[PDB]
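Undergrad: Turn this into a structure:
(2 chains)
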Amino acid sequence: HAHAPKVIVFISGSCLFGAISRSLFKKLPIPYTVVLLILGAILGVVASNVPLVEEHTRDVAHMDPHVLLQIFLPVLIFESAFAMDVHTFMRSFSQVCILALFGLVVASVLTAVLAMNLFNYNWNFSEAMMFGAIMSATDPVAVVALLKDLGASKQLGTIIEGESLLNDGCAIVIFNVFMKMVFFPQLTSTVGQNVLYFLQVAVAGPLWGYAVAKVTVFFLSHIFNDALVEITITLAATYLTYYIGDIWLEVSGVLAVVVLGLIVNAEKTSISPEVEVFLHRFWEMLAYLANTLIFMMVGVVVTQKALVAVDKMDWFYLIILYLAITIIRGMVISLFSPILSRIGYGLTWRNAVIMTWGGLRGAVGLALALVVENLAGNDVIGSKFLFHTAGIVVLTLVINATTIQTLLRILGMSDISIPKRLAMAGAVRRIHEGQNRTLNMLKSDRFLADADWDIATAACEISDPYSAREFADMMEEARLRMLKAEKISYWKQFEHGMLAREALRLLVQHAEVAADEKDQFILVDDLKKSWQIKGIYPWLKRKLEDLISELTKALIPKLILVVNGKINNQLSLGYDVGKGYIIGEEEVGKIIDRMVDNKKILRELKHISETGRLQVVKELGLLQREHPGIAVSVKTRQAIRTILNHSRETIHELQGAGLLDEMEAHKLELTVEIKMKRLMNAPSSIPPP
Amino acid sequence: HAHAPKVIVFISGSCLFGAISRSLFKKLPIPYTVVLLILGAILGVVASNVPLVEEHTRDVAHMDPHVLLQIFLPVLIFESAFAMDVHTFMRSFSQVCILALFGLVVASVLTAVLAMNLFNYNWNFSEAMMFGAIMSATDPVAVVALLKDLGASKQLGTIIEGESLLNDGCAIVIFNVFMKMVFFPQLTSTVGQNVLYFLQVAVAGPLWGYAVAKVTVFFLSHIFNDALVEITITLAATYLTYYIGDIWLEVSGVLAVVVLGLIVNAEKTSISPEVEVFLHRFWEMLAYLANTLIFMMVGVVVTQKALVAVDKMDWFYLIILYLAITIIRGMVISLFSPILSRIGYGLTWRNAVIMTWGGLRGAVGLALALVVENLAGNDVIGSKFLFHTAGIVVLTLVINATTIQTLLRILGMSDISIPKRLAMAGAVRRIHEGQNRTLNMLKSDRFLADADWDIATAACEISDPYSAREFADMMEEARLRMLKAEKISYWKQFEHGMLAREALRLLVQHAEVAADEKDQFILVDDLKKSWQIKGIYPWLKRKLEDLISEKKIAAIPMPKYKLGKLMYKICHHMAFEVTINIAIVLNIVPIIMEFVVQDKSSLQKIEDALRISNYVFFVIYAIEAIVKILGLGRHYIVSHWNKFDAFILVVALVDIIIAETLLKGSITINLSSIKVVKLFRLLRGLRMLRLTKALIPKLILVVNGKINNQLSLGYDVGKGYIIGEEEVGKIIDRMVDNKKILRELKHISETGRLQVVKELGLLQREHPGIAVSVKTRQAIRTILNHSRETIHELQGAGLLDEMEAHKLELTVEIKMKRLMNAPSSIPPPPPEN
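TA: Numbers count the residues shown, from 1 in each chain, chains lettered A, B, ... in the order given. Sure, structure below:
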């Protein structure tokens, strides 16, 4: 038949409307999403009258809700899940869980009882909770995207995403639970059925996701030098996870997707060094396309069906709703602030204001409102939901995303550190004399003595981006000097092929956490790296439980082996962190004295470094003697890494010098890459000779 | 409504299966596509037996053909076109075109003739051409990978890619043309209709593709620091191009996609490197997915529907068919071997055998066969087509791919040159020396002391993968030594940022062309590099023609009466010309409206609106003319180019006077515009023709830019040659043993160097504009490169955090991109400075 894929013209054409908006409106503070919404609203009026609504451009007007809930939401969730930094997230998971779960529950309940008590169109309990779960899903991408470069503590930058991802994940679960109670009546059930439902939606999801993630990460480490297989495996795995977990067996697919994304992101080492860049870009492109599509459908739908039945009463109600939701978020944050402060980091009074004002609603709420509107057929439900959600989203995008910069400048954390200013000044001045030296060298050239030097001034250089008691002074400068004077050492050794990978981050975070702290020498060894060396946890208690419990009987030895491996991993990591700390402080011990002018603090620093050394020096041997295999295993695994690194730079030196061609060097580099990848998957412990 | 979007899971499973093959049968010489076909054949029967699997495979068993034809084919063709090497393909464009066109036409004709009678099938001639066009589509990817493994000639790979790409592109169009008239006849209308069909399927599509490619390249050239935007505009451009080409406006279709892909691939400079790398990976992934899916449906369909009723003789026919498709194609090459030898690179009988045995069918033919079978309704069409196509594809993949491995070693191109083997042996020996030196360093560590040293054997190094009258020898070995010295010098000049890339690739391919020649050095630039210095294209001649077209008096006589010069300034200001051009552009729409009305209460308005608009435009033109001409007098009549704007006004006045009454007098009721009013309207379309005065300089500057770019490339090539010659003269001076070898080589080098330096000096003297710009560009680009190196050194030294380093980095790349699109011409400085 002459039938054609009518959906191609719209979904692609909409993309173009994004491309103009992103490039043209990037300078203005206002995001392009509101422009996309206005474009969709304008297109809706034209579509209403003219016969331009063919089977295309009109199918989206009555777009099927199940497939959009089944396609858009999983990719929207998984992109943010993949973009996460899992390592820093584990350090505050405990705080984030209590900031997310209870916060979402309380916020949804309060903003539901508000609409139950305020609005005239009477709604029961279920509809109110569906409304609240729709209006309690945030999207603070811009806040972090603009706060990361400001130099603020990365803890806030990761905590914002940690709370937002969990909020979005649980909002869909609550919405789905409370949707079938009103839209799809299925008689009644006893308490046992409810218990089974709760267990299957809360426990089965993450477990299924974890199992699939483990299977795919085990199957991914066995494939060598083939990017296509990795990409195809990941793409098939995520879709299979969601589809099987949601359709064939009734489990929460989105939670399984979240767990799979987090687990895969944690194991990025097994991924090829170049595949993950392509994967990140591809997922980000999908998320951008989905956001553009969702905004345009909202824009076209709202102007025709969602506006016929409104009155000034509702337009007044909208302001009260906005005030209520921002107030509720503020009260939740303030009430939970003492508990957060008591447990670990917490937050100051400054960060709470930004947390409250930094919550921008996103496409998730709009998609849920569209689904609600599509399912319903009357005006009491499906007209208030979409109109209210669109109004709240537009208000937030207009106000908060515009005033966040002024709020930051007022709070004073937008200030640039003076050490950063002087570092930038020195760097630009030295790049200047380097450019001058290069120009001087090019000046005495037989051929290049004729080029006009006006274009040399035109190239110029990147200027400075910023432009614009007797004892308490030298000790602070000494402290901020030693912290990075020791920080540099980890990178210097690692670039030589040292400290594996995890040790670098593990010790740089320990070095920087005490930097913001006042009047305490960093790297105190008080359970900082002692925790990894000890390896104290009930893992061995679980192994003891297995032992007292003990082919089915032969399964227990397999559990014993996996427990042994998981112990040896932590033992090896402790060995690496101890070795790295010792190696770094050995250099800084001779480094410090050259800049330190005052002797009475220089000797204090030397003594405290000696104290930091000898304890960990003894502890390393204490860990070595009990389990001799781990030390020889880690030393052996490090030697091959160093040797392969040296092979790598001699190959690159020959290639750069021109003595080798391109294809032979590429083949040898591929071979050494394969050898190092084979090195990465190695037995945890090697018995001593 | 989407209670179960079951269309997903199967396709995902398909990819899994393919992945498994690529991980399990990698060592096997047979490609994984045979394994995929076996898997599909196995799965088909179990799908038929089990109702649930039949439900899951119902869509595949009933894939509608229209979407398959217009989804997989565009992405496949665009992926094949994108990974192309545009330059080497352009160096043999004529050869590739003639070979592809003639070979495809001849093969299709002979195959149709063969299937006419020998097969004893009840087919007519049109479906015979259908079958011939289906079978003659190839995709030699695996064989090309095999050739590139052992380092076959890059030119051979370029030819075997170009021929295949053009073959598929033309075969798809021929198949569509001879399918539409067969399955859905539209009878006959007019020979002119046939001519219009030929024109719309031949020329329109390439022009549409070129237009969209130019537009998207221009739009992309201005986007800075946005990867997602570039990726999405590229994807949308390709999809919209194919969509508008195939349906709505009716053109060739895939030809437009081919042109767009080639143009985009050639202008990859304006695309940021990460963007093009990501696009390459994405397109090849899509192609792999499409191939996997196509083989999946081929297996399923040949399992359930096809093969049901096949007699014993059909397989016999299959064998015969194979021989045909392995003979005629080869003879075609021979029948064009004497001619193609005279064209470009020529060829050799060994290469003739290679491309004769290197013709492998693939996904395109199977997809077309599947479309035919889906649109079929009986057994003589579709079932036989599927069976024969699958047989030929499987036979080719099994036989040709396996046999060419023996063929290459039995002819002798798989040999490894002993200089390469000795160089690799020395390289791995020195690498092993580095390994043992590192082990010696690290075996005495205060910490890494108890590590077991047996793992050194684990480190090891790759053993050589190859494993296994006196004048002429020193001449040839010395010549090869000079050649390698040259190319390593050029690579050094590049990595230090001194030679760009186009000059490098051109001159190194000249180098290896001289290398394969018999005792021939790079030789003096008689035309090998002198051509790059002489812009002997007709472009400059056309520039002279444009200049004489634009020839006019620099300053018209200055009026003095009444306002005088100010009035002349009114009649010669750029604002007045811009206003006249804008008036012409705005009245062009009235011409379109009048034409639409003539070709056709709605008409009541147009009965007078067109006349009113025409009168207003005529009055505006008369006022503009009154603004000019005054004071010039005879100078107004002297300027014939300017006077050409008065004939349109005279014609408009005559038409207005005639149409005022048309009954009172003048034309009256004679044979005139009274009979047909189009004569009044058609003349009104001439006013838009008085606009080339400002358009000519645009193409003048375009040609100037083209010739300046050619001059810049020539200067870069000369710089590279002279620098490499100096370095080699300073390096080899003591390497050469025989005094006479040194004398001959140094004399040849001296002749070349002191010829090329004088040629470059003459070029600089005659046209100082381009050389200065080239020097400035090279200086600033090397300055930026060294600044980037210093920034990277600072990052390595940890003086700055990595995020500030990245900020300075992308600022440097922004400056570099601003450098790339800078004009290639710089005015000379005044002598005072």
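Undergrad: which residues touch the most centrally placed residue in chain A?
TA: Centroid check for chain A by C-alpha atoms, centre = their mean gives residue A:84 as the closest residue, at 1.8 Å. Neighbouring residues of residue A:84 by C-beta atoms under 8 Å, 6 or more residues apart in numbering or on different chains: A:161-162, A:165, A:261-262, A:265. C-beta here means a position set from N, CA and C on the backbone, and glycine is covered the same way.
Undergrad: Also residue A:393?
TA: Residues near residue A:393 by C-beta under 8 Å, 6+ apart: A:361-362, A:365-366.
Undergrad: Let me see the contact set for the residue of the stretch 101-250 of chain A found nearest chain B.
TA: Proximity of the stretch 101-250 of chain A to chain B (C-beta to the nearest C-beta) peaks at residue A:236, 4.3 Å away. Contact analysis of residue A:236 by C-beta under 8 Å, 6+ apart lists B:12-13, B:15-16.
Undergrad: Next, the residue nearest to the centre of chain A: phi, psi?
TA: Note on residue A:84: its backbone torsions stand at phi -70, psi 160 [degrees, to the nearest 10].
Undergrad: Please compute how far the strand or helix carrying residue A:544 lies from its chain's middle.
TA: Taking DSSP states H and E as the definition, residue A:544 sits inside helix A:539-549. The chain centroid and the centroid of helix A:539-549 are separated by 35 Å under C-alpha atoms, centre = their mean, to the nearest Å.
Undergrad: Please save the CA atoms from it in CSV.
TA: Presented in CSV, the C-alpha positions along helix A:539-549 are these (Å, rounded to 0.1, in the frame of the first residue of the first chain):
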residue,chain,number,x,y,z
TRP,A,539,30.6,-10.1,55.7
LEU,A,540,32.7,-12.5,57.7
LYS,A,541,29.7,-12.9,60.1
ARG,A,542,27.6,-13.9,57.1
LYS,A,543,30.3,-16.4,56.1
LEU,A,544,30.3,-17.7,59.6
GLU,A,545,26.5,-18.1,59.3
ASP,A,546,27.0,-20.1,56.1
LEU,A,547,29.6,-22.2,57.9
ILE,A,548,27.4,-23.1,60.8
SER,A,549,24.6,-23.8,58.2
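Undergrad: what does that helix rub up against?
TA: By C-beta under 8 Å, 6+ apart, the residues outside helix A:539-549 that reach it are A:556, A:559-560, A:563, A:566-567.
Undergrad: could you dump those residues to TSV with secondary structure and neighbour count?
TA: Output for the contacts of helix A:539-549, formatted as TSV (DSSP: H, G, I helix; E, B strand; the rest coil; neighbours: other C-beta atoms under 10 Å in any protein chain shown):
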residue	secondary structure	neighbour count
A:556	helix	14
A:559	helix	16
A:560	helix	14
A:563	helix	16
A:566	helix	15
A:567	helix	19
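Undergrad: Nearest to chain B among these?
TA: Checking the contacts of helix A:539-549 against chain B by C-beta to the nearest C-beta gives residue A:567 as the nearest, at 20.8 Å.
Undergrad: residue contacts, the closest one?
TA: By C-beta under 8 Å, 6+ apart, the contact set of residue A:567 is A:535, A:539-540.
Undergrad: Give me the ChimeraX select line for those, limited to the buried ones.
TA: Applying 16 or more other C-beta atoms under 10 Å in any protein chain shown to the contacts of residue A:567 leaves a buried subset, and the ChimeraX line that selects it is:
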select /A:535
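Undergrad: picking up where we left off before, so which bits of the helix holding residue A:544 are buried?
TA: Using 16+ other C-beta under 10 Å as the burial criterion, the residues of helix A:539-549 that qualify are residue A:543.
Undergrad: mind giving me the domain ranges of chain A?
TA: Chain A breaks down by automatic domain parsing into domains covering A:7-49+A:65-188+A:275-409, A:417-442+A:454-465, A:475-626.
Undergrad: Work out the gap between the second one and the centre of the chain.
TA: For domain A:417-442+A:454-465, the separation from the chain centroid amounts to 34 Å (computed by C-alpha atoms, centre = their mean).
Undergrad: list the buried ones in it?
TA: Using 16+ other C-beta under 10 Å as the test for burial, domain A:417-442+A:454-465 gives A:424, A:427, A:431, A:434-435, A:438, A:442, A:455-456, A:459, A:461-462.
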